[PDB]
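Below you'll find the structure, written out as structure tokens, and then a few comments.
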Amino acid sequence: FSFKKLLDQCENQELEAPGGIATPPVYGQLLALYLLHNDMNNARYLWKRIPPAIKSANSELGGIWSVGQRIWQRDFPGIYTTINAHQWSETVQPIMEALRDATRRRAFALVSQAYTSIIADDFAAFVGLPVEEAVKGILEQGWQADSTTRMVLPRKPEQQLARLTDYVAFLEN
Amino acid sequence: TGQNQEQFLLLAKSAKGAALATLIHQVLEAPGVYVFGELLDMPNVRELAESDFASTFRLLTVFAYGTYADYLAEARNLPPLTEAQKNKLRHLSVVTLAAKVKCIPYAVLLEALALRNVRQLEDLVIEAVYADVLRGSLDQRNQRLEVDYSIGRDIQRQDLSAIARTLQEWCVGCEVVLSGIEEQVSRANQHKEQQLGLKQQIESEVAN
Amino acid sequence: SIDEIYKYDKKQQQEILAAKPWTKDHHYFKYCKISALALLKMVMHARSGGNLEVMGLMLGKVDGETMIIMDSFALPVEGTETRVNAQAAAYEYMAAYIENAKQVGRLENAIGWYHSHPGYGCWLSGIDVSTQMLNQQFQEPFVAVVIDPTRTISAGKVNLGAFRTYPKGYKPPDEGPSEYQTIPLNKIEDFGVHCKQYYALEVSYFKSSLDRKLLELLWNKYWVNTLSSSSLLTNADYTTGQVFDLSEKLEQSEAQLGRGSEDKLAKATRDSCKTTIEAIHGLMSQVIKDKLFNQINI
Amino acid sequence: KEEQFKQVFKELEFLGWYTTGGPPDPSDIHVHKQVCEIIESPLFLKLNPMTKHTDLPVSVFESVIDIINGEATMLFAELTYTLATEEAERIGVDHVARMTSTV
Ligand SMILES: [Zn+2]
């Protein structure tokens, strides 16, 4: 909602302020926001645009891209591990939690569509939460859980006249 | 109802306390009489309210406004009813459900009418269609009752405004549709003439 | 006087039939007046035939250059459009029907024949021309009426034509406005071969003073039927038939552009336009119904 | 006439009779009984071409055999009726009623 407005503002600050090269915290925000919208094509080309000087001076930026590598490889457990590794309060930390929540929603929506029956450990690793928490959540939601085999069975979930008048007005002339 | 209205109103104006109290048990246990608006608005029956026969007036209020579940909740106070009267009240409850929504699932009907198996419910809906109370069809597979037409039961003097609230909502609806056409038709001309005019300009350049 | 046309003057008809002014001019008959009853009966019969051609006889009279149709009746015949003078198979039936009609006060005699062209427009085919030429040779005065029930429904406008043939060897004048109609490819060749062997009369309609009154009073309840039309599925086979023909028309217009008539694509475009416009009008009535009866709630 | 109409309207059947005038009278009952000799329960349609009123002057009736003062007699009971939904008929009727852009 408000993250998109901050993205557009950062996209304006990307060209208005420089100077040749933009501000490092804005680069960090732009990279993490490019990860938030899953636009990996924008994130990969943003990281390669960063000069080696800011890449060496600001290691936290490399710590943001280390999440992107895992998003690019689609290794969910690695994404959840890389999110909870670095701290950059006020600037990057408040949007990294939104990335974690968005990755959780993305993974849950993927498992609910792509799987009929999935191993509980694989699903827990896909959402990031531990096995017990995940099984509790899906049983509360309405998914069919099975012990011994440790299988989870997911459940898959004028205005009109003016347009028509324009179509007839087109055909008739 | 129509004949029964005059037939019982003639007795209603010429009856007293106990005779009216038994007449209530006679009108409720009579086929075809599903509306009690004229009988409940009588001063003779108004005298029974808050008197010796208060539960009978409350029973008439349930039969004219409430449902079978409302009767079950107050069965300890209300007088006992036979199978025919219990059926009638169930028919009226289906009418209230049909007044709310067009497609009623069997589960809501079984819960609201307090029934055990499907056939009992199906036989009651049949009795409803047979007594010209409801019109519609039953769907076994999807376990749903499709209602085509349902009669009017509740009079509601205070809530009468709600009827107008929907009627006006329909009126405004018409008033939009009508204006819509008026505009669209106008646009259909507004384009045509314009195009003709434009064509007449193109055709005037052929001479040059 | 609205009802003046309903007066039957037997002696005046006999005088006209003895005079035979049509023999002095092959373009003598210019107008065709059809009663609301005959129009409704012919359209009702034409629709009842569905996608198959039906035919019947028309009862009426003549008045100057005007042919008047008062009534009509279906003929139980096979081979309309394939058999020359198919009506002949109903000769006996026609004689008895008319005899019985005279017993109840139907005084007007045979004035013509009507038949349907479901989904392929109003005109006379080779078979129709032979039939009408026979009728004009032996049953003069006679007129041929053609109705397209399918196009009537789809367009929401009556699709009817009244025609008269020219005698063998006689050439038409410069006149021939020819109001454009989409003719399907399986019929266009025959249409083109015989289109100059006949002419179209100017059609008009009439109703009585009582019909006028009754139709206003009918409207006071008939309005309900206009908001419950369901035209899109009633004659759904027409649009599909037209599209099936349109595709072959487009195949010919493609063949015209291929190597090497006068712009077939524009004709095909006007045909596809008309068909689509009719379909959208159907949807317009459906959406109007949805706006009036479904978008209300509690 | 039945032998004739059966050749072109094979799917249709005799349903009743019509006449013109005001409210039903003894003559209508006499004729209705004659029609009852042809079909079991015929309809009776009456059209008033000299109407003074604002409603469509067409009425449809069924015949009921009732007991009045010990005499079993025939009477008419009026039926409510609706108009037909044929598309081609609606267009024809509309065109007739109107008698004078695509949208
Ligand atoms: Zn033909």
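Enter the Cα centre distance for the pair the stretch C:11-31 and the stretch C:200-215, rounded to the nearest angstrom.
Going from one Cα centre to the other spans 24 Å.
With N residues in chain C, what two-decimal value do you get for its Cα radius of gyration over 2.2 N^0.38 Å?
1.11
Take the Cα of residue B:130, step 7 Å along the line toward its Cβ, and report every residue of the stretch B:92-123 whose backbone nitrogen sits under 12 Å from that point.
B:122-123
Average partner chain C-beta neighbours within 10 Å, per residue of C:287-297?
Averaged over the peptide's residues, the number is 4.
Taking the Cα centre of the protein assembly as shown as origin, sum charge times position over the Cβ atoms of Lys and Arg (+1) and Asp and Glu (-1), and report the length of that vector in debye to the nearest 20.
Roughly 1140 debye for the protein assembly as shown.
Distance between Cα centroids, the stretch B:75-142 to the stretch C:224-298: provide it in whole Å.
If we compute the Cα centre of each part, the gap is 46 Å.
Taking the alpha-carbon centroid of each part, what is the distance from the stretch C:99-137 to the stretch B:147-208 in angstrom?
Each part reduced to its Cα centre gives a spacing of 44 Å.
Taking +1 at the Cβ of each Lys and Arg and -1 at the Cβ of each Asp and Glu, which of B:150, B:208, B:191 sits farthest along the dipole of chain B towards its positive end, judged by Cα position relative to the Cα centre?
B:150
Counting only other residues whose beta carbon sits under 13 Å from that of residue B:191, what net charge do I get with K and R as +1, D and E as -1?
Combined, the nearby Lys, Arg, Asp and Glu give -1.
For the protein assembly as shown, what's the radius of gyration and Dmax over Cα atoms, in angstrom?
Gyration radius and largest Cα-Cα distance of the protein assembly as shown: 39.3, 119 Å.
Listing C:70, A:40 from the residue with the fewest other Cβ atoms within 10 Å to the one with the most, what is the order?
Arranged by neighbour count, lowest to highest, C:70, A:40 become A:40, C:70.
Any chance you could list the semi-axes, whole Å, largest first, of the equivalent ellipsoid that the Cα gyration tensor gives for chain B, using √(5λ)?
Semi-axes (√(5λ), whole Å): 54, 23, 14.
Compare the Cα positions of C:130, C:228, C:48 along the charge dipole of chain C (+1 at Cβ of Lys, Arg; -1 at Cβ of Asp, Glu; about the Cα centre) and return the one farthest towards the positive end.
C:228
Enter the mean number of other protein chain beta carbons within 10 Å of the beta carbon of each residue in C:47-55, as an integer.
The shielding value for this peptide is 1.
Under a Cβ-only charge scheme (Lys and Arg +1, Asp and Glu -1), can you give me the dipole magnitude of chain C about the Cα centre, in debye to the nearest 20?
580 debye
How big is the charge dipole of chain B about its Cα centre, in debye rounded to the nearest 20, if each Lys and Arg gets +1 on its Cβ and each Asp and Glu gets -1 on its Cβ?
Value, rounded to 20: 520 debye.
Beta carbons within 10 angstrom, averaged per residue: use that to sort the peptides B:114-122, B:161-169, highest first.
B:114-122, B:161-169
Put +1 on the Cβ of each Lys and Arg and -1 on the Cβ of each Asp and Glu in chain D; which of D:92, D:19, D:76 then has its Cα farthest toward the positive end of the dipole?
Farthest towards the positive pole: D:92.
Based on the mean of other beta carbon atoms within 10 Å per residue, what is the order of A:74-87, D:38-51, most packed first?
So the order, starting with the most tightly packed, is A:74-87, D:38-51.
So what are the ³J(HN,Hα) numbers for the stretch D:38-44, from phi and the Karplus equation (6.51, -1.76, 1.60; θ = phi - 60°), rounded to whole Hz, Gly and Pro as x?
In residue order, the calculated couplings are 9, 10, 4, 10, x, 8, 10 Hz.
Evaluate peptide C:114-126: per residue, the Cβ atoms of other protein chains within 10 Å of its Cβ; return the mean as an integer.
Taking all residues of C:114-126 together, the mean is 0.
As a check on your grasp of the helix formula, calculate [θ] at 222 nm for the protein assembly as shown: sum -39500 (n - 2.57) over DSSP H runs of n ≥ 4, divide by the residue count, round to the nearest 500.
Value at 222 nm, helices only, nearest 500: -16500 deg cm²/dmol.
Sort A:44, A:163, B:187 so that the residue with the fewest other Cβ atoms within 10 Å of its own Cβ comes first and the one with the most comes last.
A:163, A:44, B:187
Packing-wise, with mean Cβ within 10 Å as the measure, how do B:59-72, C:14-27, C:83-96, C:149-162 rank, highest first?
C:149-162, B:59-72, C:83-96, C:14-27
All other residues with a Cβ under 14 Å from the Cβ of residue C:162 taken together, and with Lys, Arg as +1 and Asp, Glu as -1, what is their net charge?
Local net charge: -2.
Please determine, in degrees from 0 to 90 and to the nearest 10, the orientation of helix B:17-27 with respect to the longest principal axis defined by the Cα atoms of chain B, where the helix direction is its Cα long axis.
50 degrees
Counting neighbours? That spans all protein chains shown, and the Cβs are built from the backbone with ideal geometry, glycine included. Any read-out appearing in this document is the output of simple, stated calculations on the displayed coordinates, not a laboratory observation.
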